[PDB]
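For reference, the structure is listed below as structure tokens.
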Amino acid sequence: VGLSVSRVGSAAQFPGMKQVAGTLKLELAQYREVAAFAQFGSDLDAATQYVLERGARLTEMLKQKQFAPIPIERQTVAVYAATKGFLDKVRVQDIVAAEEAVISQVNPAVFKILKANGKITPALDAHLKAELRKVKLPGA
Amino acid sequence: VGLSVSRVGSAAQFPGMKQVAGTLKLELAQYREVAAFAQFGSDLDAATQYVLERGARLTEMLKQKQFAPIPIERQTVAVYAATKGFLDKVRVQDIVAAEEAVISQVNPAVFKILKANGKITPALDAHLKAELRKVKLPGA
Amino acid sequence: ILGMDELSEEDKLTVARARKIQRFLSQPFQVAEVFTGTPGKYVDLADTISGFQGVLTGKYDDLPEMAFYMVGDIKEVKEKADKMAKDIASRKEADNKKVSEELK
Amino acid sequence: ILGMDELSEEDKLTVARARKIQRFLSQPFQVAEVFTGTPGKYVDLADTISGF
Amino acid sequence: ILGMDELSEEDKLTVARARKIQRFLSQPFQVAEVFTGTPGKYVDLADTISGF
Amino acid sequence: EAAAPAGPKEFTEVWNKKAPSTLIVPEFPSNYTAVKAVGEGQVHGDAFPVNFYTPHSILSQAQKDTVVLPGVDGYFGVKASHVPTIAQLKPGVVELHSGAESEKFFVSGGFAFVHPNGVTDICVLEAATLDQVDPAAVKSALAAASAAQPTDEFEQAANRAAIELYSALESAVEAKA
Amino acid sequence: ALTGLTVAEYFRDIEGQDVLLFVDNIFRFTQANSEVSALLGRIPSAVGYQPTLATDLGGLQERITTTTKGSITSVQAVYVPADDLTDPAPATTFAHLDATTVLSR
Amino acid sequence: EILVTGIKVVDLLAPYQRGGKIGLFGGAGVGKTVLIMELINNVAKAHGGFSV
Amino acid sequence: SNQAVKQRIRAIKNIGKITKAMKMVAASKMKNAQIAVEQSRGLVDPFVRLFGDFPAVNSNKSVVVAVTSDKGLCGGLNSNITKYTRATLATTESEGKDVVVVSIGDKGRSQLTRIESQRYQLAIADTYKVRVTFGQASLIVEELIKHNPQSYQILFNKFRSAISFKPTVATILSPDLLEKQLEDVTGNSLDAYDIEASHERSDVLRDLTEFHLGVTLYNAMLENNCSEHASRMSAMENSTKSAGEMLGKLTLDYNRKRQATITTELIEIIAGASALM
């Protein structure tokens, strides 16, 4: 994600993604910087460890299995529920279950709204904050 | 020795020399990995320094003297003397003084038997196990 | 090969000054704001000479490296150092008093 | 890298001797007097053999 | 660089497991029984997956 | 009298105010010990715990029922619920007894403590066992010590310590079982 | 190796069998084709190789496939010239290799 | 699909694609010819196909 | 120009084997001190369960001792306690006390002179030449005892394991001036300990705090030695990885330069030949 740039598509994309995607870019850039700064674990600052936890969480969120297309409405929710909290309860491991878990356990009515509207309205932002806390997450 | 290989291998090696060269190149292969550690001579590990001084035994054993062709029996006698440990009392820089203190010292009885025999019999092995003990090697 | 630990203290001073003036040549552009969201900054020549003379002599040695990254000039460096310090503690407290109850 | 502290006083002797050898393989020539400052030496062979 | 008895119990069980797996990857080959004596053993796939 | 309320747990909050906040608080030797002084108990019968120490070794930390310390007012024995004690020891023998077994260790001079919890902390520099000492050169060592008598007070103190140490070694080598 | 492919193709298509092939040291087939394409006067390509390297190696490796009749699985030993995987002979070889098997000392 | 050659390591770890190409990074004396002969013997014994 | 990148590969590869040797040296020497540190840990608990732990006391004169290493291959060790020296010397100053900063080790005078030189008096070097011995500790303690401060602070890294090095302040107070004064809680908590000394308590506590300073300074310059071997181990396995990745990048650049040179000098021959015939 450091060398991969596409500057015609940014500010030309799906804006409901683009709300959380800039924050996602900053968290991935911070994870790149602190992973370069800690190629080996000897110094613990207890707030940079929040970055090193969040980045290894988001790296596990973004990676996927082969031949598996994911539509943009099932992608905005899965990056929304990871750029924010709602997923720090697992260490790093069962996010491979947690992404399909949060895809399954949300109302599929919100997917039509987030697809047709184009962006995360506050009328849908409060629903997105509301649904994301009742999740039966398999990670504990 | 680390690069120069024979693709035939030991299959056409002289037997008797095959009894000793396999251990010789094994200790030398351990030596070339424990090489470039002789400059930290003050720091021992008591076993890496044993194979280091044995590699220094054998690497200064195989020196030649400018159109000095040696018959195979004297070669394998000097290799057995350096390999099993009969020159561990000899220091590093006087083995080329200690080779002739084996070859000029033991009788030509063992040499003709080793040439006409074709392999070191355990009777001949025990013969030269004691015959190597009664020679004037430069020890102190 | 060795790291910043092996170097002497004047060489750590040189390395710290060099990293500050190495990040300080960066600026966000007014044409790069179409893919970044950061507003572009025009830097006057007197402000360049002020900021770079200051980081050469050592008027701003207390500031970290990231205070000089993507900044206009030496006023905005300390303005970003104010912002950089502030978020290191205030990071929390958004649980209640939100619009995200159901009835409004 | 380090600087001659970690050779356990066996290799330090040959380092000092090799520095003496590298300095002793200099020779001010009879034609090279106009280059540095020094008149030239025609060194005989036995001097070199016994010196080294 | 630390010692054989140094590592924990969570890893040295895997050290024993890898040191018994890596020798288990070997196989007697039927074309080499003309100078090894032991006859070869052709292994199926499902038996390999289950027994590994 | 005690107008400085110091302490390791108070040092954390007075360290948080002047040092920058990026560093962990440094540790203290109170965090690396658990056997305390006023922790009441630690006797549990006749076996009281013994912390026999030495700068270069630890020769005993197991529990004993009798320890005899060569104190400067004489040898005295330590029991389970012993008195709280700060004892400067003469150069002599300490006596380690756990019961029917008895092992004797010659000590070179150094303090010894008993705290109110019945635990002991024997703190001597060179604790030489009697099996590694000799009875041969001790008389020659005293003959050296009973010879050089100059006027310096420093040499007088060191030589008197030599006489007392060698005579204690003689008394603790001649009467052995 | 085209003669080897012909006897393997007769064992695949006519006999209907599941044939193995062993191209011995495919880098020397690359070297022989480089020699015949430097011989005829064609301009040599990168580092020293023939200009027809990719197509005259793909003329060999693409008769080695599965068929509805049978299959040909080929086990080619690959030697890397300077032990460099940026060299064009292993770079043009490894775009056809499916499974590599490292033998160790 | 997969080609069951019979060896545990080349059927388990790096499987032989039936119909595909195989790379051997051999050397000298590491038993590459014994590996070739055992592969031929196993495929001709089980899968009913010859070798070249 | 292709001769530079081959000799640079030659340099970086032997630097890699040098650090692959010195990681063995440091991780070996960490273990031969490990049969002594827990033994030198024997005398550090009775004094702190006897004297308590009272660092934050308003001393009038104080000798802070920051013991460092000898050879500067530390790796997060010497400058760590150099900043910890001012970080634990600044929270303790409130009324302008006399401060005598003492550094043990050759890498103490190279760093502590920069920040605190006006309060810097003694620099004890070559202390890890052979090993650590208790009479050396008694001698450096006596050279501190020539002056009569009101307290001592001993800055040293506690070797807990090969990853964690938390620096510690070991506290040694002045016997009649501050040690017996700080024990005054509803009388004296020391007087329950019955004295068995020759003279009074006032000159046996002098002997006790001199022994306490000597023991804890011995423990400090042993634990700093073992954590120095551990930190040189943790630094020589980063130089090995660094001279591994640098060697990989230079080997890739050597291969690219090799291919570019052989292609250019082949193009040279073909352009020389086809423009002839």
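Values in this text are rule-based calculations from the coordinates and carry no lab data. As a convention, Cβ positions derive from the backbone with ideal geometry for all residues, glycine included, and neighbour counts pool all protein chains shown.
Structure summary
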read-out: Peptides I:147-159, H:36-48, A:113-125 ordered by average Cβ neighbours within 10 Å, highest first; value: I:147-159, H:36-48, A:113-125
read-out: Fewest-first sequence of F:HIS56, I:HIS229 by Cβ atoms within 10 Å of each Cβ; value: F:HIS56, I:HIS229
read-out: Protection-proxy order for peptides H:14-27, I:249-262, I:1-14, each taking the mean of Cβ atoms within 10 Å per residue, highest first; value: H:14-27, I:249-262, I:1-14
read-out: Nearest-20 debye value, the stretch I:178-277 charge dipole, Cβ charges on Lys, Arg, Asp, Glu; value: 1380 debye
read-out: Prolate/oblate/rounded call for chain E, Cα gyration tensor, a/c under 1.5 rounded; value: oblate
read-out: Given charges at Cβ of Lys, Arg, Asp, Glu: chain C dipole, positive-most of C:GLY40, C:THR14, C:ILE88; value: C:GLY40
read-out: Shortest-first distances to equivalent copies, position B:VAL135, nm, label 7 Å out along Cβ; value: 8.0
read-out: For B:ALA29, label point 7 Å along C-beta direction: distances to other copies, nm; value: 5.2
read-out: Cα centroid of the stretch B:1-24 to Cα centroid of the stretch G:24-53, whole Å; value: 36 Å
read-out: Shielding by other protein chains, A:38-49, mean Cβ within 10 Å; value: 3
read-out: Reach of C:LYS98 by Cα under 13 Å, taken over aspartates and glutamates that are not fewer than 8 positions away in the same chain; value: A:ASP125
read-out: Net charge dipole size for chain C [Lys, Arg +1 and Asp, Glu -1 on Cβ; Debye, nearest 20]; value: 320 debye
read-out: Scattering profile of the stretch I:1-132 at q = 0.10, 0.18 Å⁻¹ [log10 I(q)/I(0), Debye over alpha-carbon scatterers]; value: -0.52, -1.16
read-out: Of I:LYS13/I:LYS166; B:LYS18/I:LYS17; I:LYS29/I:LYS158; B:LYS18/I:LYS20; I:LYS31/I:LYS241, pairs whose Cα-Cα distance is over 25 Å; value: I:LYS13/I:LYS166; B:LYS18/I:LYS17; B:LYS18/I:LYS20
read-out: Cα gyration tensor shape of the stretch F:37-133, rounded if a/c is under 1.5, else prolate or oblate by comparing a/b with b/c; value: prolate
read-out: Under-5 Å amide H pairs with F:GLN63, H placed in peptide plane, nonlocal only; value: F:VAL50
read-out: Spatial separation of Cα centroids for the stretch B:54-88 and the stretch I:2-16, in angstrom; value: 34 Å
read-out: Cross-link reach list, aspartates and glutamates versus B:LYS63, counting only Cα pairs under 14 Å and skipping chain neighbours closer than eight places; value: B:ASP94, B:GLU99, B:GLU100
read-out: Span-rule helices in chain F, defined as complete DSSP H runs reaching 27 Å or more along the axis (Cα) with Kyte mean at least -0.5; value: F:153-174
read-out: Cα shape, chain I, gyration tensor, a/c 1.5 rule; value: prolate
read-out: Cα long-axis angle, helix I:4-32 against chain I (0 to 90 degrees, to the nearest 10); value: 30 degrees
read-out: Set A:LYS129/C:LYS92; C:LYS12/I:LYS23; C:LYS75/F:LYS17 screened for pairs whose C-alpha atoms are more than 27 Å apart; value: C:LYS75/F:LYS17
read-out: The protein assembly as shown - charge dipole about Cα centre, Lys and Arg +1 at Cβ, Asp and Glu -1, debye rounded to 20; value: 4520 debye
read-out: Neighbouring partner chain Cβ atoms per residue of I:120-131, average, 10 Å criterion; value: 0
read-out: Using alpha-carbon coordinates, inclination of helix I:201-274 to the longest axis of chain I, degrees; value: 10 degrees
read-out: Pairwise FRET efficiency - B:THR23 versus A:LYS84, Cβ, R0 = 45 Å, nearest 0.05; value: 0.10
read-out: Per-peptide average of other Cβ atoms within 10 Å, ordering E:8-17, G:1-10 highest first; value: G:1-10, E:8-17
read-out: Principal-axis tilt of helix D:11-24 within chain D, Cα atoms, nearest 10 degrees; value: 10 degrees
read-out: Other-copy label distances relative to B:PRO108, 7 angstrom Cα-Cβ extension, nm; value: 10.0
read-out: Net charge over other residues, Cβ less than 9 angstrom from the Cβ of I:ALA243 (K, R count +1; D, E count -1); value: +3
read-out: Positive-end residue of F:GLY45, I:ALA90, I:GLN111, charge dipole of the protein assembly as shown with Cβ unit charges; value: I:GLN111
read-out: Shielding by other protein chains, H:26-39, mean Cβ within 10 Å; value: 5
read-out: Whichever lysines have a C-alpha closer than 22 Å to that of H:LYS21, once near sequence neighbours (fewer than 8 apart) are set aside; value: G:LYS69, H:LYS8, H:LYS32, H:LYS45
